[PDB]
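As a plain string of letters, each chain reads:
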Protein chains: 2
Amino acid sequence: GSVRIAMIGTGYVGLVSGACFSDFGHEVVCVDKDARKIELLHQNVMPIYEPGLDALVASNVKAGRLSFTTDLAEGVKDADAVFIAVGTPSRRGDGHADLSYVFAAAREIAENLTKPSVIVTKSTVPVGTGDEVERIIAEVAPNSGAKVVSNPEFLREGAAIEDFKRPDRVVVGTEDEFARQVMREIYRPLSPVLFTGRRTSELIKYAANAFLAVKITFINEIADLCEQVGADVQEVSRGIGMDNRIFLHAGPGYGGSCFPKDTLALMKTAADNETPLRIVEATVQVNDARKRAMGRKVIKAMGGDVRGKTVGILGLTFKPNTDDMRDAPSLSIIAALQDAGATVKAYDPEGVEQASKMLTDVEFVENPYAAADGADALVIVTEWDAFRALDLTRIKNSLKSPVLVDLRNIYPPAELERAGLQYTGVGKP
Amino acid sequence: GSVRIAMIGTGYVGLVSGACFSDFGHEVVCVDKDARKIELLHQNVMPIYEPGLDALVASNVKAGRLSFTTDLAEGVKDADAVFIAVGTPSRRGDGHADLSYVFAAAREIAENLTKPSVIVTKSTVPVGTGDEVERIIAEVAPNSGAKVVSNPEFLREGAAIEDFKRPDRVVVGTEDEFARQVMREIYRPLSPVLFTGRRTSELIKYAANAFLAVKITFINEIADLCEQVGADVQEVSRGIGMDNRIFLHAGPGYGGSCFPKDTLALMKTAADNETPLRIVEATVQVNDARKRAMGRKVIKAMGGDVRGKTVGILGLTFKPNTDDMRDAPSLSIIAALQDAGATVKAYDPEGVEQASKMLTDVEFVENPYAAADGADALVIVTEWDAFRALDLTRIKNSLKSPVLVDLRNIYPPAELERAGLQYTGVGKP
Ligand SMILES: NC(=O)c1ccc[n+]([C@@H]2O[C@H](COP(=O)([O-])OP(=O)(O)OC[C@H]3O[C@@H](n4cnc5c(N)ncnc54)[C@H](O)[C@@H]3O)[C@@H](O)[C@H]2O)c1
Ligand SMILES: NC(=O)c1ccc[n+]([C@@H]2O[C@H](COP(=O)([O-])OP(=O)(O)OC[C@H]3O[C@@H](n4cnc5c(N)ncnc54)[C@H](O)[C@@H]3O)[C@@H](O)[C@H]2O)c1
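Method of determination, as given in the entry header: X-ray crystallography; reported resolution: 3.403 Å.

**Student:** Describe the environment of A:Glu39, and please don't skip the residues or the numbers.
**Tutor:** Residue and element names in this part refer to chain A. Within the fold, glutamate 39 resides in helix 2 (residues 35-41). The class for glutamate 39 is partly exposed, based on a relative accessible area of 37%. For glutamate 39 and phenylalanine 68, which are 29 residues apart along the polypeptide, the C-alpha to C-alpha distance reads 9.1 Å.

**Student:** Can you break down the site of ligand 2 residue by residue, with the values?
**Tutor:** Residue and element names in this part refer to chain B. Near ligand 2 lie 24 residues; those nearest to it are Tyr12, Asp32, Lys37, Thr88 and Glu157. The separation between an oxygen atom of ligand 2 and a polar main-chain atom of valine 13 is 3.1 Å. Separating an oxygen atom of ligand 2 from a side-chain N or O atom of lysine 37 is a distance of 2.6 Å. Contact with the protein chains covers 85% of the free accessible surface of ligand 2, which is 830 Å². A class-by-class count of the residues in the shell around ligand 2 yields ten nonpolar, eight polar and six charged.

**Student:** Can you break down the pattern of salt bridges residue by residue, with the values?
**Tutor:** All names here are of chain A. Under the definition given, this model contains 48 salt bridges over all chains. We note a salt bridge from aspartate 272 to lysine 268, for which the minimum N-O separation is 3.7 Å. Within this pair, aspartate 272 and its partner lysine 268 are both found in helix 11 (residues 259-272), separated by four residues, close to a single helical turn. Overall, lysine 268 belongs to the partly exposed group, its relative accessible area being 21%. Linked through salt bridges whose partners overlap, the residues forming this network are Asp131, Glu134, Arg198 and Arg199.

**Student:** An account of the interface of chain A and chain B is needed here, citing residue identities and associated values.
**Tutor:** Many descriptions give the size of an interface as the accessible area lost when the pieces come together. Residue-level contacts link 51 residues of chain A with 51 residues of chain B. In total, about 5,200 Å² of surface goes out of reach between chain A and chain B, with carbon and sulfur atoms giving 71% of it. Where chain A meets chain B, there are two salt bridges. Ionic pairing is found between A:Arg169 and B:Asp243, a salt bridge with its closest N-O pair at 3.9 Å. Those elements that place two or more of their residues in the side of chain A that touches chain B are helix 9 (198-228), helix 10 (233-241), helix 11 and helix 12 (278-301) of chain A. No other element matches the 18 residues that helix 9 of chain A contributes to the side of chain A that touches chain B. Across the side of chain A that touches chain B, the residue classes tally to 30 nonpolar, nine polar and twelve charged.

**Student:** Quick one: what's the story with the packing of helix 9 (residues 198-228) of chain B against helix 12 (residues 278-301) of chain B, residue by residue and with numbers?
**Tutor:** All names here are of chain B. Viewed as axis vectors pointing N to C, helix 9 and helix 12 meet at an angle of 45°, and their least axial separation amounts to 10 Å. As judged from the angle between their axes, helix 9 and helix 12 are oblique. By crossing handedness, the relation of helix 9 to helix 12 is classed as left-handed. Between helix 9 and helix 12, the contacting residues are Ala213, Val214, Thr217, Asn220, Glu221, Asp224 and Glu227 on the first element and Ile279, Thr283, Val286, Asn287, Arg290 and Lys297 on the second. Of the residues assigned to the contact of helix 9 with helix 12, the class counts are four nonpolar, four polar and five charged.

**Student:** Which residues make up the UniProt feature "binding site: substrate" (unreviewed entry) in chain A, and what are the values?
**Tutor:** Residues and elements named next belong to chain A. What UniProt calls "binding site: substrate" (unreviewed entry) maps, in this numbering, to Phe154, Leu155, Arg156, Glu157, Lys205, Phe247, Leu248, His249, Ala250, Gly251, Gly255 and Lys319. Its place among the elements puts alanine 250 in the loop between helix 10 and helix 11. Beyond its immediate sequence surroundings of up to four residues, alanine 250 is in contact with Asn220, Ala223, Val233, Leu407, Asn409 and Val426. Here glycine 251 shows up in the loop between helix 10 and helix 11. Discounting chain neighbours no more than four positions away, the residues touching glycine 251 are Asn220, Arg290, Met294 and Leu407.

The rules behind these values
Residues numbered from 1 in each chain as written, not as in the entry; some residues may be left out. Chains lettered and ligands numbered in written order. Heavy atoms only, no water. Helix = DSSP H or I, 4+ residues; strand = E, 2+ residues; numbered from the N terminus. Buried < 20%, exposed > 50% of the residue type's maximum accessible area, 1.4 Å probe, protein only. Near = heavy atom within 4 Å. Polar contact = N/O pair within 3.5 Å; in protein donor to acceptor, adjacent residues only side chain to side chain. Areas by Shrake-Rupley, 256 points an atom, 1.4 Å probe, with all protein chains shown as cover. Nonpolar A, V, L, I, M, F, W, Y, C, P; charged D, E, K, R; others polar. Salt bridge = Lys/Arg side-chain N within 4 Å of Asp/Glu carboxyl O. Contact = heavy atoms within 4.5 Å. Buried area = accessible area lost by both parts, 1.4 Å probe. Axes fitted to C-alpha atoms, helices over the stretch in contact; angles between N-to-C directions. Parallel < 35°, antiparallel > 145°, perpendicular 65-115°, else oblique. Left-handed = near helix turned anticlockwise from the far one by under 90°. UniProt positions renumbered as here; feature names shortened; annotations may be inferred.

Set out below in structure tokens:
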């Protein structure tokens, strides 16, 4: 077994996917036309933060199953199966899926093509893309015997290895049993693998990523109500959570590289295919408005007048245990506070150098305790678990006003009562 | 232990709750101011269809822990705890919760009150109702030492006993440890019991019943999309289903006594308390429009012109294994077909005599095979499991046109291909 694999793309996915494939004993080549990543991996410095990846590559480098390039064709040289892990960002303008990078890459594959390889769209793409590639293959390399599949990916950033190593499931969309037997032979070192049709499998990744955002934004909307009637959303989430058709926690919304656009593309692709998707249509419309309003929640907690005051922020990314600030909630929360004339200390363990390019006018620090140092208030945004065990009593002495806004509901309010702090969570009496 | 219990109300809930309480060995009195129910239970004829209830009452009648009346006070005579299981239907007009029946009953309790009993709202009520009762108690019987609780109920009709006997969870909302110890002492024969505050516990039943409707209407919206792009929603539901944060199946919508109004009251109660609930606000708006459109799905399948043709219906209720036609999908599906001038055979095993009062102009039958007999098409609506094993080949010979519309996706299309039938499910290529 132990076969030849080309991962076109070496970003957050293509790296982690291809690396784990090498741990299965497969012959793996990761490609990226950015040089800096490849000229960082060859230096054995990972570009991004994912736990476990530090060893996982550097290991399989040495055992010699894992290779890096920027030359496409070196990878596509006799590869058994070729994976496409390139970006599918939102098209500036409408919101639809920028499939150009794929369509560029799928083409550049099709020419540099020795054997009847197997083409795997792993990128979160809209539906019938695999049909459209199937034209391009036939357009470029007609008699090359190649087959086109979709196998989407479901990993959470910050748990990518374990998500990949232990999947709930994995999805494969084709009808040609040859390619079915191949993708079987690939994924065989785990022992389930779900075999649907192509367009079905393309639809699932969107449908799931939509549905999670629905679940999050639902309880968030509930959490707003829990405030005004004096309920307690942690109990409520547990209240429905013990159902077998439910594990969900209130927040200032969702974000990340994957989520908020995949909604939007699905919302769009539904529109072109002439069906409404009202629930998901509502879902972003709350969510965009939500994280902004979470900023107004702070101002209300801070009396109402935040002209010229000073605000500490804990956490910056949309998610602990990575650096992916791409569509964080926090930017919207900051920009709200700036718009009412204020000033912004901000700590993130590993987000900063990526966060700086998205952020105007923001004093970053070195330390979470320093973020509160002479602020009018401190906001917790992202639950890096280091925050979960901190000294509350330093902070009361570190503040110009004893005002704390938990937004991931970590700290039990008795502690903030004990340290005499102004408690403000999400969904609280 | 084995204590005195009064269940004010003896409808779909109050019966099944109180009966199961008697099986715990508690002294149980069920009250209803309708006579006919009480003058049916005394004849040992259950009014409604619930599996297991036939024996469960008739048993505990004989062992003498279970009693019936229409006199309220006979039940409230020295009762340890008093349950309110009366109706909370939608207020004709706005849509809000008709809390008059409660407010009538809670009052009539408060006067006929010997001991410091314990008042339990079990009816699906809006929030702070338990606070409003707490006034009425204090208004009427101030020094009577009584406490007011909410313990909502979560059973599905058609599985009520097993739902009650094996709960995922049970909810209790108060802060007075006396009443906490009582409701403990009640529910102790199971061995969890969830103890929240009052308003929180009132909110949960709505939040859950909202959230399920969201889940159903979500995949339904997805199922519409699966049609137009040729996906396969059974695989898709399974595709997301293997997530641990998911077991959901496409339909023509939801209904029943409990669901579609509890949405609406929650939507309303949120409005009075000045927060929007956009997702649930979207959820009904699809759902009302959906089941009607499912009727138009039939017409499209039936060519488009259904003036003067004839249509068979399988299933009528919103749910197999009960008779509760109250807000079925089917009525909307029928009325759509009637509005394009057609004619309607309809079989339901146990819905009919209740269904007749909601339905104009509808030839009911005795038998599912007779519903198709010389129709232009047959529609399956409700999955009574008797339908799951039927002869398809009689039906092709029983039809003026070989047209079948599965709407709960039970029959695998190969069978309908085998019997040469016009296959039409929900979310199909
Ligand atoms: N980030 C996630 O959490 C996640 C999870 C599941 C699926 N996905 C999907 O996977 C895809 C990529 O994810 P990502 O986070 O790593 O995006 P990314 O921007 O971080 O990485 C994509 C990389 O592919 C490279 N690339 C683009 N075109 C190329 C080409 N023609 N040839 C060689 N290399 C090329 C880029 O240099 C880039 O570094 C997206 O479609 C995304 O939706 C992402
Ligand atoms: N039907 C369900 O599936 C379900 C599930 C969970 C919760 N609930 C909730 O429980 C409540 C009742 O449910 P239901 O289906 O049995 O309604 P129901 O109309 O079928 O039964 C209510 C009964 O209570 C009786 N009643 C009304 N006022 C009374 C009074 N003042 N004194 C004595 N008896 C009185 C009525 O005669 C009626 O038969 C509702 O609030 C409902 O939302 C229903």
